[PDB]
Each structure stands twice: as structure tokens, then as C-alpha cells.
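First comes one chain, alone, set out as C-alpha cells in the form deposited in one PDB entry.
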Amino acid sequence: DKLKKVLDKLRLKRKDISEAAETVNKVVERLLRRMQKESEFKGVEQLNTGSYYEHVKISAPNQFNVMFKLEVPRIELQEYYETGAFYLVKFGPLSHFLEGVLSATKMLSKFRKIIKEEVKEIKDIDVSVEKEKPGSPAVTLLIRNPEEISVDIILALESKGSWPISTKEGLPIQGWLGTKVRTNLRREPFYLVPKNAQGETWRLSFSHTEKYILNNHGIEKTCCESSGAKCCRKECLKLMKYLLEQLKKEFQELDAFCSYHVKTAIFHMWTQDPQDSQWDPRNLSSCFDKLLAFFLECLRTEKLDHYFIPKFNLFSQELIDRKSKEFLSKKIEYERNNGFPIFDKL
């Protein structure tokens, strides 16, 4: 098949993984030890997340996601204007970051300042800190090795209480992964990251939960195991990610779109079509096509609910204007009806 050849292209090479991982691990481990010392972030723990650790990173091992998570007991959340995803956090450490509440930007700034200092003390490899992109929770490292490698170091508050009310009807896996899995997942802590949209607001993260789902994605426990049957769930994810990555390289009109949109859409599809047999590798083309059809409906109807926070619409008018969505619809529709020309590109 055509799509199998595309995935062959997208497949990471073990040589590149080794070289990327070795450098990334040195930098991260060093940053993590620095957080442990008079440091307000003493106690932070490393949590590897995103595509590389989910085995859905494509083309190159050039972007890695890490959470430096800090357990903060006895906190109270206030939901910020019924957004579902944004909260203010309240209660001689943390002293410097109180603002009458726990300021995201103040904590992020110190976190960042420390990172930057520790980065200057690295003569072992070519690494700098990318200029801060306002509103973003990330502190991003740019490494030169062989190639360019981005590492987004994400500060995260860990709460071990029950998940916020806004998530009660989220994570609708009962028909797919089931009730025991859902209950167990919801006993895991939840995370808040310093993303604004205000300077004191945090955003929920479920990167840990998304990771478990990606690596435990079948209705059968043996899905993709050595004594089970391979599905094409991850492969569809990759193909869709690549379509967006290629389109986004070309078209500035698509700046508002990101990979989390496609991750969220495919979670919905995996819920809608829970049976492993609905993701047979022999049906890769049909499965990818049905994913595209689903995504086009999301754009057309201007609706893509957060998998974990049903009332939060990632495709609302407030986040992405209609024109951007019409633009992306035409572009997907085109690729779909012309043999995916863009998959040959570069």
C-alpha cells in the first residue's frame, strides 16, 4: 500500500534515537538535579510525555516533552470563568510566588531563570534556551547534535485529590478500555501547567493519562502484543499528524492548529470505534479516511471537545476563526481527493 510506504518514511531510525536520547537525557538529568538543592522546586520529579514516549513521534527524534512535576498538598482550585480547563490555585517554600494565590507566571519565571543559569554551565554540548513565547507553559531547549532537537521542559503542579468537576463526564472509555481502567486512571493525580489565556491562571494536563491510553489502546489486552494482533490505531495517528505537520510547514494560515487537535480527534474516534477489528492493518486506508472524515466534520461544525473536559471546545470561535477552519477543510479535502500529493513533499 501507498500508506505503508509513507509510514516507512515516518519511521524513526534506531541510530538517530540513540544519539538524540543520549544528549537529551544528559541535559534533562542535569537540570533535574539542579532543581534539587535553597531551591523552591526541590522535590520535583521527572515525567516523560508526548509523542516520543508514546511511540508516535514521526520523521525524526527532534522534539521531546518532559514534565518537572511538583507535589503541592492542601490546595484549593477556583475555575476561571467556566472555561473548564483554566483555574486559579490557592492555599516558611513557594513563598516568593504568592499574590494574595499562586501565580503561574511568577513561578514559571523563577523556574525558567534557574533553567537558563544551569544551561549556561553546559560546555559538554551545544544547547540554548529559546526565547519565551508569551502565554506558553514551556521552557524550550534547542540542542545541536547531528540535528536540531527541541526539548519542552514543562513545569507541573501535582494534586493527588479527585479530579476537578469539569472532568466528571470526560474520559468516556467505558465501552472501550472500560470502567475498572477509568476508575484507576481517575485515582492517578492530576496536573496543572502555567498556561495563561490571567497571569495567575493554570491549565489542566492529562499527559500522563494520554500516555497510558496510547500504550494501552485496545479493547483486547493483547492489542499489539507479541501474542496478540497488531492494530493500525497508532499508524492512523501518525498519518494524520504528518498531514498536519506538512500542511503547517507550508501554510501560515494554519498557525492556530496543532498536533493536540489531531490527538484529541483520534481519541474520540477510538471511543466511537472501540473494537480492535475496526482498526485492522489491512483496513489502514479506510481507517485513515474515516479519521479524516471525522476531522472535517469537527472543522465544518466548529466543534472538537477536549477528551477530558467535555465543555471545552478546542475549535470554538474564540480560539480559531471560521476562515482558518474553512482553509484547513479545503486543504484536507484536496489532499484526500488527489492521492495525498503532500506525502511526497520534501
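Superpose the two forms; the largest set of C-alphas matching within 1.5 Å is the rigid core. When you see a residue number, it is the position in the sequence shown, counting from 1.
The same protein has a further form, the form deposited in another entry, not shown here; the description that follows concerns it.
S.K.: Choose, among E225, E132, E250, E188, the residue with a C-alpha displacement of 2 Å or more between this form and the one not shown when the rigid core is used for superposition.
M.R.: If I go through the list carefully, the shifting residue is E132.
S.K.: Indicate whether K160 shows a C-alpha shift of 2 Å or more between this form and the one not shown, with the rigid core used for the fit.
M.R.: Where the cores coincide, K160 shows only a C-alpha shift between this form and the one not shown that is less than 2 Å.
S.K.: Could you check whether the CA atom of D276 moves 2 Å or more between this form and the one not shown, using the rigid core for the fit?
M.R.: No, because once the rigid core is superposed, the C-alpha of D276 moves less than 2 Å between this form and the one not shown.
S.K.: Rigid core fitted, is the C-alpha displacement of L77 between this form and the one not shown 2 Å or more?
M.R.: The answer is no, as the C-alpha of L77 shifts between this form and the one not shown by less than 2 Å after core alignment.
S.K.: Which way does the C-alpha gap of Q246 and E130 go in that other deposited form, closer or farther, given it changes by 3 angstroms or more?
M.R.: Distance between the C-alphas of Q246 and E130: longer in that other deposited form, by 3 Å or more.
S.K.: With a shift of at least 3 angstroms, figure out whether the C-alpha spacing between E132 and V262 grows or shrinks in that other deposited form: closer or farther?
M.R.: Relative to the shown form, the pair is farther apart.
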